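As structure tokens, the structure follows; a few thoughts come after it.
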Amino acid sequence: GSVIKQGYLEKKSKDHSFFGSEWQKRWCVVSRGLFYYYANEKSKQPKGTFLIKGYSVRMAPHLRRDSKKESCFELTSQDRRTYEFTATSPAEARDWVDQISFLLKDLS
């Protein structure tokens, strides 16, 4: 079907409120051409959706300074906002990068 990969990641998330950005747990889904994410796997509505065409993806240890930096990756665009993620492990992050890359290369 349409889902390529899904699971929990920490997303760097602006609260648009008093505290700014924090790493926050999100259930993330990448389907063909489309990424969407929720607070929880059983949340009623997504927090966000975006078309992935135009994005680049890579591991990104600059995103944090603690020991989870080896599990961080980013989706970047020169036109739209970047999305920054921490997986549970380097292996998990590498898989996200690989699976999203496979989509992005086809889209290109």
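We label chains A, B, ... in the order they appear in the structure tokens, count residues from 1 in each chain, and number ligands from 1 in the order shown.
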
Applying 9 Å and only C-alpha atoms, which residues near residue 98 in chain A remain after dropping the ones on its own chain fewer than 5 positions away? List them as a PDB file with N, CA, C and O atoms, in the first residue's frame.
ATOM      1  N   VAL A  57      17.306  14.840   2.330  1.00  0.00           N
ATOM      2  CA  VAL A  57      17.357  14.097   3.622  1.00  0.00           C
ATOM      3  C   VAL A  57      18.774  13.607   3.900  1.00  0.00           C
ATOM      4  O   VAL A  57      19.468  13.179   3.003  1.00  0.00           O
ATOM      5  N   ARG A  58      19.220  13.715   5.156  1.00  0.00           N
ATOM      6  CA  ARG A  58      20.557  13.257   5.527  1.00  0.00           C
ATOM      7  C   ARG A  58      20.607  13.127   7.019  1.00  0.00           C
ATOM      8  O   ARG A  58      19.841  13.815   7.749  1.00  0.00           O
ATOM      9  N   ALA A  93      17.518   5.692  12.439  1.00  0.00           N
ATOM     10  CA  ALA A  93      17.644   6.947  11.699  1.00  0.00           C
ATOM     11  C   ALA A  93      18.111   6.675  10.283  1.00  0.00           C
ATOM     12  O   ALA A  93      17.597   7.238   9.326  1.00  0.00           O
ATOM     13  N   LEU A 103      12.409   7.513  -2.087  1.00  0.00           N
ATOM     14  CA  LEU A 103      11.290   8.290  -2.610  1.00  0.00           C
ATOM     15  C   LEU A 103      11.761   9.579  -3.285  1.00  0.00           C
ATOM     16  O   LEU A 103      11.259   9.956  -4.353  1.00  0.00           O
TER      17      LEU A 103
END

Just want the 10 Å neighbourhood of residue 77 in chain A, counted on only C-alpha atoms, with same-chain residues fewer than 5 positions away dropped. Output as a PyMOL selection string.
chain A and resi 52-57+82-83

Give me, as a ChimeraX atom specification, all polymer residues having an atom no more than 12 Å from residue 67 in chain A, counting only C-alpha atoms and skipping those fewer than 5 positions away in the same chain.
/A:61-62,72,86,88-90

Write a file of the just-selected residues containing N, CA, C and O atoms, as a PDB file, in the first residue's frame.
ATOM      1  N   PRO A  61      24.028  15.128  12.746  1.00  0.00           N
ATOM      2  CA  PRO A  61      24.433  15.165  14.161  1.00  0.00           C
ATOM      3  C   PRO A  61      24.577  16.599  14.751  1.00  0.00           C
ATOM      4  O   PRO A  61      24.545  16.737  15.952  1.00  0.00           O
ATOM      5  N   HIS A  62      24.725  17.633  13.938  1.00  0.00           N
ATOM      6  CA  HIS A  62      24.692  19.029  14.447  1.00  0.00           C
ATOM      7  C   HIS A  62      23.369  19.407  15.186  1.00  0.00           C
ATOM      8  O   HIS A  62      23.310  20.442  15.850  1.00  0.00           O
ATOM      9  N   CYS A  72      20.059  11.557  14.897  1.00  0.00           N
ATOM     10  CA  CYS A  72      19.347  12.681  14.344  1.00  0.00           C
ATOM     11  C   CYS A  72      19.454  12.714  12.831  1.00  0.00           C
ATOM     12  O   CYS A  72      20.490  12.382  12.265  1.00  0.00           O
ATOM     13  N   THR A  86      14.842  13.026  15.712  1.00  0.00           N
ATOM     14  CA  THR A  86      15.731  12.102  16.383  1.00  0.00           C
ATOM     15  C   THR A  86      15.021  10.746  16.467  1.00  0.00           C
ATOM     16  O   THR A  86      13.897  10.661  16.936  1.00  0.00           O
ATOM     17  N   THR A  88      15.248   6.495  17.609  1.00  0.00           N
ATOM     18  CA  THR A  88      15.659   5.778  18.831  1.00  0.00           C
ATOM     19  C   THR A  88      17.081   5.315  18.789  1.00  0.00           C
ATOM     20  O   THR A  88      17.691   5.092  19.813  1.00  0.00           O
ATOM     21  N   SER A  89      17.621   5.151  17.582  1.00  0.00           N
ATOM     22  CA  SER A  89      18.960   4.623  17.376  1.00  0.00           C
ATOM     23  C   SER A  89      19.553   5.112  16.051  1.00  0.00           C
ATOM     24  O   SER A  89      18.802   5.465  15.154  1.00  0.00           O
ATOM     25  N   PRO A  90      20.879   5.061  15.905  1.00  0.00           N
ATOM     26  CA  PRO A  90      21.494   5.350  14.605  1.00  0.00           C
ATOM     27  C   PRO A  90      20.967   4.445  13.507  1.00  0.00           C
ATOM     28  O   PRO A  90      20.674   4.935  12.402  1.00  0.00           O
TER      29      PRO A  90
END

To one decimal place, how far is CA of residue 42 in chain A from CA of residue 80 in chain A in Å?
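Between these atoms lies a distance of 27.7 Å.
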
8 Å contact set for residue 4 in chain A, only C-alpha atoms, chain neighbours under 2 positions out, as a PyMOL selection string:
chain A and resi 1-2+6+29-32+99

Using only C-alpha atoms, pick whichever of A:76, A:21, A:49, A:108 has the shortest atom-to-atom distance to residue 34 in chain A.
A:49

List every residue of chain A that DSSP, applied to the backbone of this structure, assigns to strand (DSSP E), and report them as a PyMOL selection string.
chain A and resi 3-14+21-31+34-38+48-51+56-59+72-76+83-86

Residue selection dump (C-alpha atoms) as a PDB file, in the first residue's frame:
ATOM      1  CA  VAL A   3       2.782   3.700   3.612  1.00  0.00           C
ATOM      2  CA  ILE A   4       6.506   3.303   3.139  1.00  0.00           C
ATOM      3  CA  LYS A   5       7.495   3.710   6.766  1.00  0.00           C
ATOM      4  CA  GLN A   6       5.892   4.758  10.010  1.00  0.00           C
ATOM      5  CA  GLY A   7       6.738   5.006  13.675  1.00  0.00           C
ATOM      6  CA  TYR A   8       7.621   7.263  16.551  1.00  0.00           C
ATOM      7  CA  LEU A   9      10.364   9.896  16.199  1.00  0.00           C
ATOM      8  CA  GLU A  10      11.254  12.953  18.246  1.00  0.00           C
ATOM      9  CA  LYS A  11      10.521  15.996  16.136  1.00  0.00           C
ATOM     10  CA  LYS A  12      12.010  19.402  16.968  1.00  0.00           C
ATOM     11  CA  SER A  13       8.733  21.260  17.448  1.00  0.00           C
ATOM     12  CA  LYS A  14       7.990  24.979  17.944  1.00  0.00           C
ATOM     13  CA  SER A  21      11.352  24.529  20.334  1.00  0.00           C
ATOM     14  CA  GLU A  22      11.683  21.193  22.054  1.00  0.00           C
ATOM     15  CA  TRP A  23      12.157  17.604  20.963  1.00  0.00           C
ATOM     16  CA  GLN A  24       8.695  16.054  21.160  1.00  0.00           C
ATOM     17  CA  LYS A  25       7.480  12.541  20.405  1.00  0.00           C
ATOM     18  CA  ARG A  26       5.444  12.272  17.178  1.00  0.00           C
ATOM     19  CA  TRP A  27       4.030   9.289  15.279  1.00  0.00           C
ATOM     20  CA  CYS A  28       5.365   9.884  11.805  1.00  0.00           C
ATOM     21  CA  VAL A  29       4.224   8.434   8.504  1.00  0.00           C
ATOM     22  CA  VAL A  30       5.867   8.613   5.121  1.00  0.00           C
ATOM     23  CA  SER A  31       3.775   7.529   2.157  1.00  0.00           C
ATOM     24  CA  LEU A  34       3.727  12.660   1.456  1.00  0.00           C
ATOM     25  CA  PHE A  35       4.824  12.943   5.090  1.00  0.00           C
ATOM     26  CA  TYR A  36       2.408  13.366   7.960  1.00  0.00           C
ATOM     27  CA  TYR A  37       2.662  13.180  11.714  1.00  0.00           C
ATOM     28  CA  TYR A  38       0.635  13.032  14.911  1.00  0.00           C
ATOM     29  CA  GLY A  48       1.113  18.436  10.055  1.00  0.00           C
ATOM     30  CA  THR A  49       1.297  17.085   6.497  1.00  0.00           C
ATOM     31  CA  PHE A  50       3.629  18.049   3.673  1.00  0.00           C
ATOM     32  CA  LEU A  51       4.558  16.998   0.207  1.00  0.00           C
ATOM     33  CA  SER A  56      16.636  16.606   0.788  1.00  0.00           C
ATOM     34  CA  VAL A  57      17.357  14.097   3.622  1.00  0.00           C
ATOM     35  CA  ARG A  58      20.557  13.257   5.527  1.00  0.00           C
ATOM     36  CA  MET A  59      21.843  12.289   8.940  1.00  0.00           C
ATOM     37  CA  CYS A  72      19.347  12.681  14.344  1.00  0.00           C
ATOM     38  CA  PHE A  73      18.367  13.358  10.725  1.00  0.00           C
ATOM     39  CA  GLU A  74      16.846  16.314   8.849  1.00  0.00           C
ATOM     40  CA  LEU A  75      14.618  16.954   5.870  1.00  0.00           C
ATOM     41  CA  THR A  76      15.659  20.266   4.370  1.00  0.00           C
ATOM     42  CA  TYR A  83      12.029  19.162   9.673  1.00  0.00           C
ATOM     43  CA  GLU A  84      14.465  17.834  12.279  1.00  0.00           C
ATOM     44  CA  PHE A  85      14.106  14.374  13.882  1.00  0.00           C
ATOM     45  CA  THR A  86      15.731  12.102  16.383  1.00  0.00           C
TER      46      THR A  86
END

Would you mind reading off the distance between CA of residue 70 in chain A and CA of residue 101 in chain A, one decimal, in Å?
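It comes out at 18.3 Å.
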
Write out as a VMD selection string the set of residues from chain A that DSSP, computed on the backbone, places in helix (DSSP H, G or I).
chain A and resid 61 to 63 67 to 71 90 to 107

Please produce a file of those selected residues containing N, CA, C and O atoms, as an mmCIF file, in the first residue's frame.
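Result written to result15.cif:
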data_model
loop_
_atom_site.group_PDB
_atom_site.id
_atom_site.type_symbol
_atom_site.label_atom_id
_atom_site.label_comp_id
_atom_site.auth_asym_id
_atom_site.auth_seq_id
_atom_site.Cartn_x
_atom_site.Cartn_y
_atom_site.Cartn_z
ATOM 1 N N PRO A 61 24.028 15.128 12.746
ATOM 2 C CA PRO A 61 24.433 15.165 14.161
ATOM 3 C C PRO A 61 24.577 16.599 14.751
ATOM 4 O O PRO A 61 24.545 16.737 15.952
ATOM 5 N N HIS A 62 24.725 17.633 13.938
ATOM 6 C CA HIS A 62 24.692 19.029 14.447
ATOM 7 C C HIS A 62 23.369 19.407 15.186
ATOM 8 O O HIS A 62 23.310 20.442 15.850
ATOM 9 N N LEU A 63 22.305 18.630 15.061
ATOM 10 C CA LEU A 63 20.993 19.032 15.588
ATOM 11 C C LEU A 63 20.894 18.977 17.089
ATOM 12 O O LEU A 63 19.971 19.563 17.666
ATOM 13 N N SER A 67 23.990 12.733 23.745
ATOM 14 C CA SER A 67 24.448 11.498 23.133
ATOM 15 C C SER A 67 23.451 11.005 22.083
ATOM 16 O O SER A 67 23.772 10.100 21.359
ATOM 17 N N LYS A 68 22.267 11.588 21.978
ATOM 18 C CA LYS A 68 21.355 11.121 20.951
ATOM 19 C C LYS A 68 21.673 11.744 19.582
ATOM 20 O O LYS A 68 21.012 11.423 18.584
ATOM 21 N N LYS A 69 22.699 12.578 19.498
ATOM 22 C CA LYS A 69 23.055 13.207 18.224
ATOM 23 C C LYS A 69 23.335 12.242 17.068
ATOM 24 O O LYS A 69 23.090 12.602 15.923
ATOM 25 N N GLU A 70 23.764 11.025 17.362
ATOM 26 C CA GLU A 70 24.022 10.009 16.301
ATOM 27 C C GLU A 70 22.752 9.397 15.709
ATOM 28 O O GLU A 70 22.820 8.708 14.707
ATOM 29 N N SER A 71 21.596 9.773 16.260
ATOM 30 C CA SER A 71 20.304 9.284 15.810
ATOM 31 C C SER A 71 19.462 10.376 15.133
ATOM 32 O O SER A 71 18.280 10.162 14.869
ATOM 33 N N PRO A 90 20.879 5.061 15.905
ATOM 34 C CA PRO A 90 21.494 5.350 14.605
ATOM 35 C C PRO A 90 20.967 4.445 13.507
ATOM 36 O O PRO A 90 20.674 4.935 12.402
ATOM 37 N N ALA A 91 20.799 3.154 13.808
ATOM 38 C CA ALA A 91 20.287 2.236 12.783
ATOM 39 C C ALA A 91 18.873 2.664 12.304
ATOM 40 O O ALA A 91 18.528 2.579 11.091
ATOM 41 N N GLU A 92 18.043 3.081 13.244
ATOM 42 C CA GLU A 92 16.686 3.463 12.929
ATOM 43 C C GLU A 92 16.704 4.713 12.063
ATOM 44 O O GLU A 92 15.990 4.781 11.081
ATOM 45 N N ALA A 93 17.518 5.692 12.439
ATOM 46 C CA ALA A 93 17.644 6.947 11.699
ATOM 47 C C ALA A 93 18.111 6.675 10.283
ATOM 48 O O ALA A 93 17.597 7.238 9.326
ATOM 49 N N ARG A 94 19.131 5.821 10.151
ATOM 50 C CA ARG A 94 19.674 5.473 8.819
ATOM 51 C C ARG A 94 18.575 4.879 7.930
ATOM 52 O O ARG A 94 18.526 5.139 6.731
ATOM 53 N N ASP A 95 17.685 4.085 8.517
ATOM 54 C CA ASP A 95 16.596 3.516 7.751
ATOM 55 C C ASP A 95 15.584 4.537 7.280
ATOM 56 O O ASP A 95 15.137 4.498 6.154
ATOM 57 N N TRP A 96 15.235 5.477 8.169
ATOM 58 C CA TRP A 96 14.407 6.557 7.750
ATOM 59 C C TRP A 96 15.048 7.315 6.596
ATOM 60 O O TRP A 96 14.346 7.605 5.623
ATOM 61 N N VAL A 97 16.328 7.655 6.723
ATOM 62 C CA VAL A 97 17.059 8.402 5.677
ATOM 63 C C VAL A 97 17.023 7.601 4.350
ATOM 64 O O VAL A 97 16.728 8.168 3.275
ATOM 65 N N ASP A 98 17.250 6.309 4.438
ATOM 66 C CA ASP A 98 17.278 5.453 3.249
ATOM 67 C C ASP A 98 15.928 5.410 2.591
ATOM 68 O O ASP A 98 15.821 5.586 1.349
ATOM 69 N N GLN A 99 14.879 5.173 3.367
ATOM 70 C CA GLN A 99 13.537 4.993 2.808
ATOM 71 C C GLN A 99 13.040 6.319 2.219
ATOM 72 O O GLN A 99 12.468 6.334 1.115
ATOM 73 N N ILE A 100 13.263 7.440 2.909
ATOM 74 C CA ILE A 100 12.867 8.743 2.359
ATOM 75 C C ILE A 100 13.699 9.053 1.092
ATOM 76 O O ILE A 100 13.178 9.635 0.109
ATOM 77 N N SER A 101 14.985 8.735 1.131
ATOM 78 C CA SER A 101 15.866 8.972 -0.048
ATOM 79 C C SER A 101 15.356 8.257 -1.268
ATOM 80 O O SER A 101 15.300 8.825 -2.349
ATOM 81 N N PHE A 102 14.938 7.023 -1.104
ATOM 82 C CA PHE A 102 14.442 6.230 -2.227
ATOM 83 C C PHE A 102 13.250 6.881 -2.890
ATOM 84 O O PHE A 102 13.106 6.851 -4.144
ATOM 85 N N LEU A 103 12.409 7.513 -2.087
ATOM 86 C CA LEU A 103 11.290 8.290 -2.610
ATOM 87 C C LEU A 103 11.761 9.579 -3.285
ATOM 88 O O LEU A 103 11.259 9.956 -4.353
ATOM 89 N N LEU A 104 12.719 10.270 -2.698
ATOM 90 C CA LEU A 104 13.065 11.599 -3.143
ATOM 91 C C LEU A 104 13.784 11.501 -4.500
ATOM 92 O O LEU A 104 13.648 12.381 -5.348
ATOM 93 N N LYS A 105 14.497 10.410 -4.703
ATOM 94 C CA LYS A 105 15.284 10.243 -5.903
ATOM 95 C C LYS A 105 14.370 9.940 -7.075
ATOM 96 O O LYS A 105 14.612 10.368 -8.202
ATOM 97 N N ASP A 106 13.352 9.151 -6.821
ATOM 98 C CA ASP A 106 12.323 8.934 -7.822
ATOM 99 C C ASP A 106 11.578 10.200 -8.188
ATOM 100 O O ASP A 106 11.204 10.378 -9.340
ATOM 101 N N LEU A 107 11.320 11.045 -7.194
ATOM 102 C CA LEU A 107 10.528 12.254 -7.384
ATOM 103 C C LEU A 107 11.285 13.254 -8.198
ATOM 104 O O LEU A 107 10.686 14.018 -8.952
#

Which value, in Å to one decimal, gives the distance between CA of residue 45 in chain A and CA of residue 78 in chain A?
27.7 Å
